[PDB]
Amino acid sequence: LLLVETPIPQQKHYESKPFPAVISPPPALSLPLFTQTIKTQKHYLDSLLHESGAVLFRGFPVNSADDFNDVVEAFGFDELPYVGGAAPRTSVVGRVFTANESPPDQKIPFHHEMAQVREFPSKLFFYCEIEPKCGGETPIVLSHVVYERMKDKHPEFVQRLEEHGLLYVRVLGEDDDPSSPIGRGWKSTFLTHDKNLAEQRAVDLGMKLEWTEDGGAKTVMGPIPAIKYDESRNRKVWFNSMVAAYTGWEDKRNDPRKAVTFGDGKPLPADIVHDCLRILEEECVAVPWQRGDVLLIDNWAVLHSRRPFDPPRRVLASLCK
Amino acid sequence: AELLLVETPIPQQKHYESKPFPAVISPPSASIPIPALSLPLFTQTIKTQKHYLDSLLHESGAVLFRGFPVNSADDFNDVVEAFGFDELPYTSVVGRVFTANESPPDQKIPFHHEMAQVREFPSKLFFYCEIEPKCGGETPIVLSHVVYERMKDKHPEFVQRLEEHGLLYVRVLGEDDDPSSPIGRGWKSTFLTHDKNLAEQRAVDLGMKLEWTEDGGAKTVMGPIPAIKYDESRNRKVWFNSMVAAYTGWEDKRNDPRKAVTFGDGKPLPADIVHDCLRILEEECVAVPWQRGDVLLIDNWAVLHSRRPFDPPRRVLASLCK
Ligand SMILES: [Fe+3]
Ligand SMILES: [Fe+3]
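Residues numbered from 1 in each chain as written, not as in the entry; some residues may be left out. Chains lettered and ligands numbered in written order. Heavy atoms only, no water.

Chain B is annotated in the PDB entry as Clavaminate synthase-like protein At3g21360 from Arabidopsis thaliana.

As recorded in the PDB entry, chain A goes by Clavaminate synthase-like protein At3g21360 and comes from Arabidopsis thaliana.

S.K.: With reference to specific residues and values, describe the coordination of the iron ion (ligand 1).
M.R.: All names here are of chain A. Coordination of the iron ion (ligand 1) by the protein comes from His111 (NE2) and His304 (NE2), over a distance range of 2.0 to 2.4 Å. A residue pair is termed long-range when its members are at least 10 positions apart, and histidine 111 in strand β8 (residues 108–111) and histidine 304 in strand β19 (residues 302–306) qualify at 193 residues. Under the relative-accessibility criterion, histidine 111 is labelled buried at 17%. (Donors = N, O, S within 2.8 Å, 3.2 Å for Na, K, Ca; no water. Helix = DSSP H or I, 4+ residues; strand = E, 2+ residues; numbered from the N terminus. Buried < 20%, exposed > 50% of the residue type's maximum accessible area, 1.4 Å probe, protein only.)

S.K.: So what's going on with the packing of helix α4 (residues 143–153) of chain A against helix α10 (residues 270–283) of chain A? Which residues, and what values?
M.R.: Residues and elements named next belong to chain A. Running from N to C, α4 and α10 cross one another at 140°; their axes reach a closest spacing of 10 Å. Accordingly, the angle class assigned to the pair α4 and α10 is oblique. With respect to the hand of their crossing, α4 and α10 are arranged in right-handed fashion. Contact residues: α4 offers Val145, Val146, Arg149, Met150 and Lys153, while α10 offers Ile272, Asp275, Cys276, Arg278, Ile279, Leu280, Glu282 and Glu283. (Axes fitted to C-alpha atoms, helices over the stretch in contact; angles between N-to-C directions. Parallel < 35°, antiparallel > 145°, perpendicular 65-115°, else oblique. Left-handed = near helix turned anticlockwise from the far one by under 90°. Contact = heavy atoms within 4.5 Å.)

S.K.: Give me the lowdown on the pattern of salt bridges, citing residues and values where you can.
M.R.: Residues and elements named next belong to chain A. Applying the stated criterion across every chain yields a total of 43 salt bridges over all chains. The partner of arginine 149 in a salt bridge is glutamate 282, with the nearest N and O atoms 3.7 Å apart. With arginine 149 in helix α4 and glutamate 282 in helix α10, the pair connects residues that are 133 residues apart, well separated along the chain. For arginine 149, a relative accessible area of 22% puts it in the partly exposed group. (Salt bridge = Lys/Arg side-chain N within 4 Å of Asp/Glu carboxyl O.)

S.K.: Would you mind going over the sheet that holds strand β13 (residues 209–211) of chain B in detail, with residue names and values included?
M.R.: Residues and elements named next belong to chain B. Across the sheet, four strands lie side by side as β13-β14-β12-β17; this open sheet has antiparallel pairing. Each edge of the sheet is formed by a strand with only one pairing partner; in this case those strands are β13 and β17 (261–263). Pairs of neighbouring strands in the sheet enclose a mean axial angle of 20°, with direction left out of account. Where helix α5 (residues 156–165) meets the sheet, it contacts β12 (167–173), β14 (218–225) and β17, and its direction lies at approximately 95° from that of β17. (Pairing = 2+ DSSP bridges.)

S.K.: Can you lay out the coordination of the iron ion (ligand 2) for me, pointing to particular residues and giving the numbers?
M.R.: Residue and element names in this part refer to chain B. In this structure, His112 (NE2), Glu114 (OE) and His305 (NE2) serve as the protein donors to the iron ion (ligand 2), at separations of 2.3 to 2.8 Å. On the primary sequence, the residues serving as donors to the iron ion (ligand 2) are separated as H-x1-E-x190-H. The exposure class assigned to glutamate 114 is buried, which follows from its relative accessible area of 18%.

S.K.: Give me the UniProt feature "binding site: Fe cation" in chain A: which residues, what numbers.
M.R.: Residue and element names in this part refer to chain A. Sequence positions flagged by UniProt for "binding site: Fe cation" are, in local numbering, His111, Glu113 and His304. Across 194 residues of sequence, these annotated residues stay compact in space, with a maximum C-alpha separation of 7.7 Å. Aside from chain neighbours lying at most four places away, what touches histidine 111 is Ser241, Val302, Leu303 and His304. Polar contacts involving the side chain of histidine 111 include one to the main-chain carbonyl oxygen of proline 109, which spans 3.2 Å. The topology assignment puts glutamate 113 in the loop between β8 and β9 (123–130). Apart from the residues lying within four places of it in its own chain, the contact partners of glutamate 113 are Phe120, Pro121, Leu124, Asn299, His304 and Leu319. (UniProt positions renumbered as here; feature names shortened; annotations may be inferred. Polar contact = N/O pair within 3.5 Å; in protein donor to acceptor, adjacent residues only side chain to side chain.)

S.K.: Which residues make up the pairing of β14 of chain B, and what values go with them?
M.R.: Residues and elements named next belong to chain B. By the bridge criterion, six bridges tie β12 to β14 in an arrangement that is antiparallel. What sits directly across from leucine 167, in β14, is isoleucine 225. One ladder, built from three bridges, connects β13 with β14; its direction is antiparallel. Looking at β14, one finds that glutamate 211 is bridged to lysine 219. Taken together, β13 and the strand that follows it, β14, pair antiparallel across an intervening segment of six residues, in which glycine 216 is found at a positive phi of about 75°.

S.K.: Talk me through the environment of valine 170 of chain B; I want residue IDs and the actual numbers.
M.R.: All names here are of chain B. Positionally, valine 170 belongs in strand β12. Once the C-alpha coordinates of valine 170 and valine 261 are considered, the two residues, 91 residues apart in sequence, prove to be 6.1 Å apart. Look past the residues within four positions of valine 170 in its chain and what remains in contact with it is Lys219, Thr220, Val221, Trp250, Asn255, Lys259 and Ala260.

S.K.: So what's going on with the side chain of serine 144 of chain B? Residues and values would help.
M.R.: Structurally, the position occupied by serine 144 of chain B is in helix α4 (residues 144–154). Dropping the residues within four chain positions of it, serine 144 of chain B is found in contact with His113, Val238, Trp239, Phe240, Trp301, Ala302, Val303 and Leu304 of chain B.

S.K.: I'd like a rundown of helix α3 (residues 73–83) of chain B, residues and numbers included.
M.R.: Residues and elements named next belong to chain B. Burial analysis of α3 places eight of its eleven residues in the buried class, which makes it a mostly covered element. For α3, the set of buried residues is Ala73, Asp75, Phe76, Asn77, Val79, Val80, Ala82 and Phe83. After α3 finishes, the residue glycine 84 shows a positive phi value of roughly 80°.

S.K.: Lay out the sheet that holds strand β9 (residues 124–131) of chain B in plain terms, naming residues and giving numbers.
M.R.: Strand order across the open sheet formed by eight strands is β1-β4-β5-β18-β9-β21-β7-β6 (chain B), with mixed pairing between neighbours. Sheet topology places β1 (6–7) and β6 (92–94) of chain B at the edges, where each strand pairs with a single neighbour.

S.K.: Explain the packing of aromatic side chains to me, and be specific about the residues and the numbers.
M.R.: Overall, the coordinates contain 28 aromatic pairs over all chains when judged by the stated rule. Ring plane angle 55° and centroid distance 4.9 Å describe the contact between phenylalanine 75 of chain A and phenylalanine 125 of chain A, whose orientation is recorded as tilted. Of the two residues, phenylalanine 75 of chain A is situated in the loop between α3 (65–74) and β6 (90–93) and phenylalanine 125 of chain A in strand β9; the sequence distance between them amounts to 50 residues. Per residue, the accessibility class of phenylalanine 75 of chain A equals that of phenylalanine 125 of chain A, and both read buried. One aromatic cluster in this structure is built from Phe34, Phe57, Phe60, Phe68, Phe75, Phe77, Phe125 and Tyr127 of chain A. One residue, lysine 196 of chain B, lies across the ring of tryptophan 212 of chain B, its end atom 5.1 Å from the ring centre. One cation-aromatic arrangement involves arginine 314 of chain B over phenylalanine 310 of chain B; the distance from NZ or CZ to the ring centre is 5.0 Å. (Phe/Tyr/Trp six-rings, centres within 6.5 Å; stacked < 30°, edge-to-face > 60°. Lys NZ or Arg CZ within 6 Å of the ring centre and 35° of its normal.)

S.K.: Run through unusual backbone geometry, naming residues and quoting values.
M.R.: It is generally the case that most residues other than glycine have a negative phi and that most peptide bonds are trans. That bond from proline 311 of chain A to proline 312 of chain A is cis: its omega, 0°, falls within 30 degrees of zero. Within the secondary structure layout, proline 312 of chain A lies in the loop between β20 (309–310) and β21 (314–319). Cis geometry marks the peptide bond from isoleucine 32 of chain B to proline 33 of chain B; its omega dihedral reads 0°. Looking at where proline 33 of chain B falls in the secondary structure, it is placed in the loop between β4 (23–26) and α1 (39–48). In this model, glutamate 15 of chain A sits at a positive phi of 45°, which is unusual for a non-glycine residue. Along the chain, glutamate 15 of chain A turns up in the loop between β2 (12–14) and β3 (17–19). Assessed through its relative accessible area of 74%, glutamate 15 of chain A is described here as exposed.

Here's what the structure looks like:
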C-alpha cells in the first residue's frame, strides 16, 4: 500500500513542522496490509514522530480493540509494565487498556501520562473504538512550546521552579470515587490491600505516605523538577503536573490550592498558574476524533487533556516503555 | 468441501437419562475426503448443521466444541455469529466478544446462573479459551435441574418453603467502590448517579428497595423472588437462584453472606442445608480442563457455572444471548 502525510484544519505548525502530522491512506485497504506497512515504514515513522511529536493515523481500518492491539503490536515498542499510581485501568487485549476517566461532564486537565512516576511512558497511543456522541476530544499541546512561553512570560517564576521545584499532596481514600476528578483510592493506586505492603510500595514510588484516620492516606511527593530535558531533541519541557494539581486535584479530600506547592513549601502565585493554564489552551490542538483514528503521542513532548462529553464514547490506549 | 461434526466422549463428562453432559463435538480423524479443518469451514458447518446443533444443545444442557481453528477473538466472534442467536442487548474485545471482569486467580467463583437477578438474563452463553491456564482455571458447569431434583429429594420441606416464600437478597454497599471486593461496587457506580433520589428510583426499576445508611452508604433488599423456575423448552423445574452463591461468596467489610440471602419472609436459611446444596453442586458438576481453541456453549436455563482457582496465564472470552 502506502502512507500519506495529510493536512487537516486543526493542526498547527512550528518551524515548518505540522502538529500533529497526519497520515492517511492514498490490493484494497486491509488491516493486515496496514500493520505490514507500519513495519515497512518504521524509519519514516520514527522520524515523522521525532519531527512532529505526534501523528494522527486517520482512514485506516482499525475497527476493534484487538484491531488496535495488532496495530500497537505491529509498532514494535515494548509495553510499559504497570506498577501502580494511576486511575483503575481495565485490560482489554494484549497491550491495550481502558479506564473510565473522571465523570463525562468534566474537563481533564493537561498533563504527561504518569508524570509523577519514576518509569513514565516514553510514548503512548490513543485509539477511538466508539466516536464521542458530543465533545470528548483529546486536546494535545507541545510541552517545549509551553516552556518557551512560560520562560518568556514569567522568567523569574521559572527560575524558582528550576531551583525549588514542586511538592505534591494527594489525599487518597481507601476506595475509589467515580465522582472526583482524581478519585482513585490508595488500595487501587498501589494495587495493595495491605498497609505495610502499601507504604512500602509508596516509598519505592518515592512518596511520603502517611495513613489517615478514616482509613485514608495522605501522600507527599517532592521536591521534584518541573523542567525536564528531552534528550532526543535537546530541549527542555514542561514535564510537571502543576496546572493538573492546582486546578484539577479538587475533591472532598484535597484543596486545589493546596494540592501542589513550591518544592520548598512556598505557595504558587495564582495569577501565574492560571496564566500557564491559558498558555496550554492557546497552543493546544484538539482534533475531533473519528472511529478508527490512531494517535501516536511522544510522552516526552506532549501533554494530554480531555474535553467534557456526552456518551457514548470509547477511547482506548497503549503505554510504551 | 464438507465437515463432519463428530460426537466424542471425554473422561470428565457425565450421563443422565442416557444423554451426555456436556455433549462434546469434534472434527473426525480420517474423513473421506480428508477436510483441511479451517475456521471458515467450521462456521459454515455450524450454519449448515443448525438443526442438529439445536437438538444437541436442547438435550444436553451444554455443548463443548473441541478441535477447531478458533485461534483468536476474531475467530470466536465468527463462531458465535454463525449459531444465529440474538446478541444480549447491553470489556468488548471484538464484535460480540468480551473479557469478563473477574476475581483474582487464587479465588474460586461460586456456582450460579448468569445474571440470575436481572429481569432480562442471557438465555445462552459462550466461553472461549484463547490461552489455556497454566494450572486449573477450568470453568466448572453443572445441570440446574439435577440440583433441584436432588435437593427436593433430600430436603423436601426446605424446597417447599423455598417456592412458597422465595428468597431475600441483601447488599450493604458503600458510596464509593472498593477494588478489593467481590461486590465492591457502590451505589454511585451501580445506579450511575450522585443523586440519592434518582439512584433509589433506578434501583426500584430494578425491583429493589434502597435504604440510605447514615454512613453515606446504602442497603438494598430484593424480593421475595422465586428460587426455582420452570424450563419451558424442557418441561422441568430448575434450581434457578443464587442461594449457595450469596451465602458463601457475598462477603466483605460491609457484607456478611450468612445474612445476604434468607427466605423471602426474612427468615434465615438453615446453614446445614445451604452447605448440603453446595455438596450436591460439587458432585454433579463437570470440570473439563480448558484447551486453547475451545468454545463452550451453555444453555443458561439448564446450567449453573463457576470457576476454579488457577495460576496465570489464562485467557477466556465470552458472549451472551437474548
Ligand atoms: Fe492521561
Ligand atoms: Fe459467571
